[PDB]
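Have a look at the structure below, then the notes.
As written, the chains take the letters A, B, C, D, E, F, G, H and I, and residue 1 is the first residue of each chain.
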Amino acid sequence: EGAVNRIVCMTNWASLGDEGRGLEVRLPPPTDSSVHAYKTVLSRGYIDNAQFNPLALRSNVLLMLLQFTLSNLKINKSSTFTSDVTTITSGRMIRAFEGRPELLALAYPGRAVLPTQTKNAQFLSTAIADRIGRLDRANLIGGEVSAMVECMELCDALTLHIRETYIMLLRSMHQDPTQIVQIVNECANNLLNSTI
Amino acid sequence: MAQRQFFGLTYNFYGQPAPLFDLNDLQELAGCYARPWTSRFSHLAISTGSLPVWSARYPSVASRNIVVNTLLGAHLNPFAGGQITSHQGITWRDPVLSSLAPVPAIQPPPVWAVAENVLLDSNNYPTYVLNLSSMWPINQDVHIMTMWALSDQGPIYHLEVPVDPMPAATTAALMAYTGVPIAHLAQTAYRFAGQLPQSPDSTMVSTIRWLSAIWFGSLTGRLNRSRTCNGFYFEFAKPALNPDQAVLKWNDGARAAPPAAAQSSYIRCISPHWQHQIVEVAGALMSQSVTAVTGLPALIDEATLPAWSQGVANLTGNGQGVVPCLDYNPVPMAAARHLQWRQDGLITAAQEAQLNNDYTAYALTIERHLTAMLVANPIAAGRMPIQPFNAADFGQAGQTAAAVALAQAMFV
Amino acid sequence: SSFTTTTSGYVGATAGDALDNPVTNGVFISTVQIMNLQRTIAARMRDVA
Amino acid sequence: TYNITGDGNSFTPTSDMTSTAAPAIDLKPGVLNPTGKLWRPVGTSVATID
Amino acid sequence: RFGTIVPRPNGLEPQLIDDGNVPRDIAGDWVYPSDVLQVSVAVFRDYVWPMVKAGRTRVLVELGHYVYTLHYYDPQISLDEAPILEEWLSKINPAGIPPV
Amino acid sequence: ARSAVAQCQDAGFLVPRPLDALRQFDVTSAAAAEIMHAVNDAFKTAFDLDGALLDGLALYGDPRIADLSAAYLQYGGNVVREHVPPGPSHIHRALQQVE
Amino acid sequence: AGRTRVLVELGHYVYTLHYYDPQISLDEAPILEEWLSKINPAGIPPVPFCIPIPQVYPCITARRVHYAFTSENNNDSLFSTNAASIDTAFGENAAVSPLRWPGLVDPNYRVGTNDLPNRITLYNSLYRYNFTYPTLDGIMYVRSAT
Amino acid sequence: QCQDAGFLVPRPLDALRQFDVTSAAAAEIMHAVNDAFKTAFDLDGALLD
Amino acid sequence: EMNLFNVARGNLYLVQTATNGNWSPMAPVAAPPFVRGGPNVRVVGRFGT
């Protein structure tokens, strides 16, 4: 909430993980000159910091995109969940990030109360509030924790998609005990023996 | 295992001079892809109903399903031809069918075989039969084709409940997968079955078949929290909007009444809505894998079948296994299921039954309108990236309640 | 009105003509129905005579 | 309904109000039609228009 | 509903967004469902108290239940409820309510 | 513990809900637990019961207690469920009457 | 200082934004002069797009000399103006884009609808998961007695 | 997408003006892409090279 | 979604606009004769001359 506000491409900007992949695509506000991002690959011959080679542009963008993809190959992992029984929340199940309360606000706009009759307020007050945090948690096994959570979050579709795919790829390769048993028994030619 | 006459059926065209796609669409396909193997297709399908199934080319998952088949259908006629044809776009990357190649340079002589609506016998082509091993993964794909293409409806899915000798090993393993949706299990299965030139080892096979039943049984009503296959049923998660995702669930209530011995059905979906129902589709893909192993009772007899797909080789008959196909309209079934549930007194209709019937009515409407609106384009342009079908097809009929009742009695 | 029941699809005199024109979710009446409707009306009349 | 055997009731026959009912209606064959019988694209989806 | 208020900006009438969306002057018969009172603290504090104090504004503080505290004085000296009024208001938290 | 809790959340355990007009949010699994632990504890102290290996462990997963019972499962397809009822509840009756 | 309207066929390009005081008399000319002279057979400098700020109050008029106008709307990246304000008047603009959060905005949308390639949604159902990595040697017990 | 290949691909950025890519240039691009992977999965051994 | 990557679309026309009001450079309602079929909208790609 100010006068001029924009959106900008910042890879993993809201990553609250102890895990750093360190190939992130960071872009500055259009206000400031992002020239350097787009001259990286082939502008060998054109040393001048202000200027970039137009012809080299499709190439350079194509790599950027490549790396956007790669520094996003990521298992979205569940943290913990809290039963938000309060005034601000409709008994809503919020992600309790072990630190930095800040993040919650940003992750959940809907949480916020209305002091003014302002442009932003107006928007927020015309939108469907209930969809904040966790609608369903997925485990049936009694005395074990959950397999997954289903949470309405501030989340980037494109990034989601990337991560979704990756998971589907991983899942495809994943093997169950029995089959593993097989593999080993076969390889062993019964000479060697494992406990099923 | 090598079921010699592995004859597979390519799709007809909707009163079209050409197979179902335009050049641009096929270009898209061949070219933007490479391998003739379902990896790419499955990639799309897998993403647990999140991503909208809509695109410029590909209206639904099922859409892609159909152009996958037609692609197949057209480009096989090349190499599966009597003396080998292949040009216009596709000249096969090696005789062993390795990859979808744009016409090799100094290679014109193998024509583009202009076929009509024609079944082919894979093993009658010497190249094909030589390469019996590599043939195996693609046959799987083939079946998928055939078993949509046979008809003008939603997929012809097969069911099997072998009762009594049930492997203890199967039980044990299968339990570990508890928590996951049918979709991902299917995916692994197909992948395995392809990856290894297919085995007589009934393990895999049995497992898929049981799974299929449990799903179907679930979906009907017969199977639920309190009436289980020993613990087994599929749980329809999220009781509001129609996305009620069938996860494998193991809860001990009762062990449902062991049927008499061997129970077999096949289902089709009469209503175009099948398209947006990943559940339905995923059973059908399961039953294909089954096929590769097993010589299923000679296909759904021509009584419910368009004229072009009558008298097919050794497929349709008249006095065989499963003469009639079990047929449904998806939205009436959900009602059916709630019926049973209520009849059992599992639940009050009061709020539960009302609510979900309300949501599925909505979902119907949305679907119906989208499928119609999309079909409008192909039903005016030379291009077809979609199932062909009239507004009267949506009809609440097509033997919907009979199916349900049969499925149930099957469980006895 | 109860008799005047929904018909949804193509409208035409001949297959010919009908091929061209589809009219979604209108109304029909059945031979049977008109039979029994008329029957009633006639009966009504002969009661009033 | 009202007691017929009461007071206030007008006997005003006017040209304006010339007796009429519905004695008979038009049932000419010609007139019976309007029109199109309802049909379907075989029975399958949006393809069989033919 | 509280939060559904319109200030008085450059001569504009100081209003509320009356239930079903009505811009209406702050005077009348205002109802606060408990939870809605607990929401708009500072804004409600500022606005209603003056209108109470120096006009007619029939606040309906929808409670249902409450824990009650009593005080005994003499009808001999000139007293006003302001102190306790302001304390009450000063000590309402979005999540809380004092003994009344 | 049953009866008490069932006045905290919408449960179909058999009891009238006299205190329906007194302010209360619809409690969750987790919350129910917390209250119930209090219940537990009070009982403990009241009756000099210092062994936490008494009642304790009742709130270890979905404490949406309605009909606490045990069973056996036999491989020949069958289950033997022992549903063990409580009869007299003098305390409970006095609590209700107090309400 | 004259009028030769010069068309610069560029296709696509990058832009560097400037924000200025709407209530005063600006000319783009030094800025663009720089641009112009900078151009090399072997490179281009980012595009200078100077803009007056949206203002939230009835204020006067000032002289605003700009030069560069584009074949296409590029305004999409602008997320909001003023926000925490009662009226945007002078220099008027638009507010946030509801299309960005279809599901949160609008009760109609069951938060997984085909939005590609139109708009990037920013708030929807996120799926998060709990998966252990067990060793292959661990999954199974050993029998050393071989 | 920079070079004409024997390979059906989608091509979107065709409006994005690029030089007449040589063999040399394509080789440059390849290496960097290749080094990118290597980095990403934290791999010392030879990939593609 | 290119402008999210700070990437913009089109061609520039450089014109003297000496005005009172907020014509966003960023959003041009591009109806001037920006095109080949434009009135007195003449091309020059020749070299040196």
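Here, a residue touches a chain if its C-beta (ideal position, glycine included) is under 8 Å from a C-beta of that chain, and two chains touch if they have at least 3 such contacts.
Student: Pick the chain whose C-alpha centre of mass, unweighted, sits closest to the average of all protein C-alpha coordinates shown.
Tutor: A
Student: With centres defined by CA atoms only, which chain is the most remote from chain D?
Tutor: H
Student: Distance between chain B and chain F based on Cα centroids, please, to the nearest Å.
Tutor: Chain centroid spacing, chain B to chain F, equals 49 Å.
Student: Whole-Å distance, chain H centre to chain I centre, using C-alpha means?
Tutor: Going by mean C-alpha positions, chain H sits 33 Å from chain I.
Student: For chain E and chain I, let me know how many angstrom lie between their CA-based centres, rounded off.
Tutor: Using C-alpha averages as centres, the distance is 58 Å.
Student: With chain centres taken as the means of their Cα atoms, state the distance from chain C to chain E in Å.
Tutor: Centre separation, chain C to chain E: 66 Å.
Student: If I count partner chains per residue in chain F, which residues reach a count of at least 2?
Tutor: Not one residue of chain F touches more than one other chain, so the list is empty.
Student: Which residues belonging to chain B are in contact with no fewer than two other chains?
Tutor: Answer for chain B, listing residues that touch two or more other chains: 50-51, 390-392.
Student: Could you say which residues in chain G touch two or more other chains, in rising order?
Tutor: 10-15, 54, 77-78, 86, 115-116, 120, 125, 127
Student: Can you list the residues on chain B that touch chain D in the complex?
Tutor: Those in contact with chain D are residues 14-15, 152-153, 272, 306, 372, 375, 379, 387-393.
Student: Under the definition above, what is the set of chain F residues touching chain A in their complex?
Tutor: 25-28, 30-31, 60-62
Student: Quick check on the complex: what are the chain A residues that touch chain H?
Tutor: The touching residues are 21, 23, 41-42, 54-59, 61-63, 66-67, 70-71, 73.
Student: Please name which positions on chain B make contact with chain C in the complex.
Tutor: Result: residues 390-392 of chain B touch chain C.
Student: Which bits of chain I are touching chain A when the two form their complex?
Tutor: Within the complex, chain I touches chain A at residues 3-7.
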